[PDB]
Amino acid sequence: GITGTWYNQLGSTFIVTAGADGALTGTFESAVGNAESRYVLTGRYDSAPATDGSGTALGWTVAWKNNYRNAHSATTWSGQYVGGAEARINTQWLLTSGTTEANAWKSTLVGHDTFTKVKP
Amino acid sequence: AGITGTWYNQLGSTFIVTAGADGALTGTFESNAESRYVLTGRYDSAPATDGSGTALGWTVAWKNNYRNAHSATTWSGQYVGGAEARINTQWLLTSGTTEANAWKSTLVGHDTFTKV
Amino acid sequence: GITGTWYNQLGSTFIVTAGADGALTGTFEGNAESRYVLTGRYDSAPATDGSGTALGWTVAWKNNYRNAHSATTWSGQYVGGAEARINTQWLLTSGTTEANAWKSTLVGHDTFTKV
Amino acid sequence: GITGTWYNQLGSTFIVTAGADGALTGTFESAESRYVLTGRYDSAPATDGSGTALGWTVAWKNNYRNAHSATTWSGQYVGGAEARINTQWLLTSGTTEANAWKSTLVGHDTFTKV
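Per the deposited record, X-ray crystallography is how this structure was determined, to a resolution of 1.14 Å.

Right, here's the structure in full:
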């Protein structure tokens, strides 16, 4: 299932609980970036996925502020859980930083993260 | 913070959000009940003081008690205050797919929200 | 439709020719040092149902004066009419080490008009 | 290092020539499934361990088929014994204005020489 501890391809740690109501809650600890210790995440998932072989859609957000550091930025991951012998969460993400208007054209990074229950 | 309240895009969508003291975003995204969905996200509760906007993001899973599109959208963006306050976002909509169809699982776009 | 001089919302200038084969060629920039080659493709036989015309192009940010070790691609569609528009999304990738590849790519959106 | 034949994991192949002036020219085979490719690359990349920035476009029209769409790939070439082109891509379809909000898919793809 979705609930558990997952790792992306860089070794970041995603600790998430899927609630009966469609909620995602937990913590994220990034292996890269202007980031240290755990950050709060919240998100949503499809609690009644199709029964045709399709994955389970989900998304979550981290704002990169905790008690230690503040990078004035937020990542959102949008993707799907794919069950199976080696379960995976396949995502694309958008990181936006707060910027001045003059710098807004370069406010947003895009990437892709794949999560498994094994750490690199 | 200036975020709490009702925001509108230019395509007929509304949401309603509360920006908690703790960096939480909670609320609803709509157009009637069949068009309303739970939203949850996070924002920077201590933004820079150099004129920069406030980073934030949120998720809607497109499931409610009336329908289920087996999909989710995330909006990632920044709040800009002032005379003309705005939330400027880019978004990713992922649908559940089979692995054979995963290449076509995700739409990307942009949307700007205003208070009027 | 597509051939002409276009401007985005930040005042960049996109000078393009749409060839009979599907080719796009031109320059993206007022000074010489800020001018770069672009090349791309478009749908030379779009639908006849009111839909736009799909297209895309690339600029590598190297010219005879400057090199940013980066390239942008714009993907979008041409919408004709009294006020023609090209609506795009873009990806800017900079060369990075492997370790840094997660932060290689910016994304945005640009709208072009002939004014 | 870019000139030659590249493969993904989904059955696509392309052949490209990286010209001395920064041009990319070639053909992309999706699977009558061959299409013109054109783009640009950094002809004077750093030699510091960084990749070589590049991009290209395929409009999905040939003499047989037309999807009324175009993909752009933006990425970097990484050389060495196991060379790769790592990309993110945008596929835009021609749409009416009412449907423009759903005109563009996004994804990623990696190409190899083997």
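Draft legend 1. The arrangement of the overall build of chain A in detail. What chain A contains, in helices and strands, is zero helices and eight strands. Counting from the amino terminus, chain A carries its helices and strands in the arrangement β-β-β-β-β-β-β-β. Radius of gyration (C-alpha) of chain A: 15 Å, near the 14 Å computed for a compact globule of 120 residues. Over its C-alpha atoms, taken along the principal directions, chain A stretches across nearly 45 × 25 × 25 Å. Counting across all 120 residues of chain A, residues that qualify as buried make up 54%. Looking at charge distribution, chain A has the averaged site of its 8 positive side-chain charges lying 8 Å from that of its 8 negative ones.

Draft legend 2. Fine view of the side chain of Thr112(D). Assignment of secondary structure puts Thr112(D) in strand β8 (residues 104-112). Aside from chain neighbours lying at most four places away, what touches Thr112(D) is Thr5(D), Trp6(D), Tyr7(D), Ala83(D) and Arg84(D).

Draft legend 3. Examining the interface of chain A and chain B more closely. Listed by partner, the interface residues are 45 residues for chain A and 44 residues for chain B. On the surface where chain A and chain B come into contact, there are one salt bridge. One salt bridge connects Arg86(B) with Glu101(A), and the closest N-O pair in it is separated by 2.5 Å. Inspection of the region where chain A meets chain B yields 28 residue pairs in polar contact. The set of elements that each furnish at least two residues to the side of chain A that touches chain B consists of β4 (39-45), β5 (56-65), β6 (70-82) and β7 (88-97) of chain A. It is β6(A) that contributes the most residues to the side of chain A that touches chain B, ten residues altogether. Class assignment for the residues of the side of chain A that touches chain B results in 16 nonpolar, 24 polar and five charged.

Draft legend 4. Up close: the interface of chain D and chain C. Contact residues are listed per partner, giving 42 residues for chain D and 43 residues for chain C. The contact between chain D and chain C buries some 3,000 Å² in all, and 58% of this surface belongs to carbon and sulfur atoms. Across the chain D-chain C interface, the total number found is zero salt bridges. Connecting chain D to chain C are 23 residue pairs in polar contact. Those elements that provide at least two residues to the side of chain D that touches chain C are β4 (34-41), β5 (52-61), β6 (66-78) and β7 (84-93) of chain D. Among the elements that take part in the side of chain D that touches chain C, β6(D) stands out by supplying nine residues, more than any other. Taken together, the residues of the side of chain D that touches chain C sort by class into 15 nonpolar, 23 polar and four charged.

Draft legend 5. The pattern of salt bridges, seen in detail. Applying the stated criterion across every chain, the model contains eight salt bridges over all chains. The salt bridge partner of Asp21(C) is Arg41(C), with a shortest N-O separation of 2.6 Å. Classification of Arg41(C) as buried rests on a relative accessible area of 5%. For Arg34(D), the salt bridge is made with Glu29(D), and the minimal N-O distance between the two is 3.0 Å. Residue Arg34(D) is classed as exposed on the basis of its relative accessible area of 55%.

Draft legend 6. View of unusual backbone geometry. With phi around 50 degrees, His70(B) is a residue other than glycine that occupies positive phi space. Phi angles above zero are rare outside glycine, and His68(D) is one such case at about 50 degrees. Within the fold, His68(D) resides in strand β6. With relative accessibility at 25%, the residue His68(D) sits in the partly exposed group.

Cut-offs applied
Residues numbered from 1 in each chain as written, not as in the entry; some residues may be left out. Chains lettered and ligands numbered in written order. Heavy atoms only, no water. Helix = DSSP H or I, 4+ residues; strand = E, 2+ residues; numbered from the N terminus. Rg over C-alpha atoms; globule rule 2.2 N^0.38 Å. Buried < 20%, exposed > 50% of the residue type's maximum accessible area, 1.4 Å probe, protein only. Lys, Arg positive; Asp, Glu negative; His and termini not counted. Charge placed at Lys NZ, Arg CZ, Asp CG, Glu CD. Contact = heavy atoms within 4.5 Å. Salt bridge = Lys/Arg side-chain N within 4 Å of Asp/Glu carboxyl O. Polar contact = N/O pair within 3.5 Å; in protein donor to acceptor, adjacent residues only side chain to side chain. Nonpolar A, V, L, I, M, F, W, Y, C, P; charged D, E, K, R; others polar. Buried area = accessible area lost by both parts, 1.4 Å probe.

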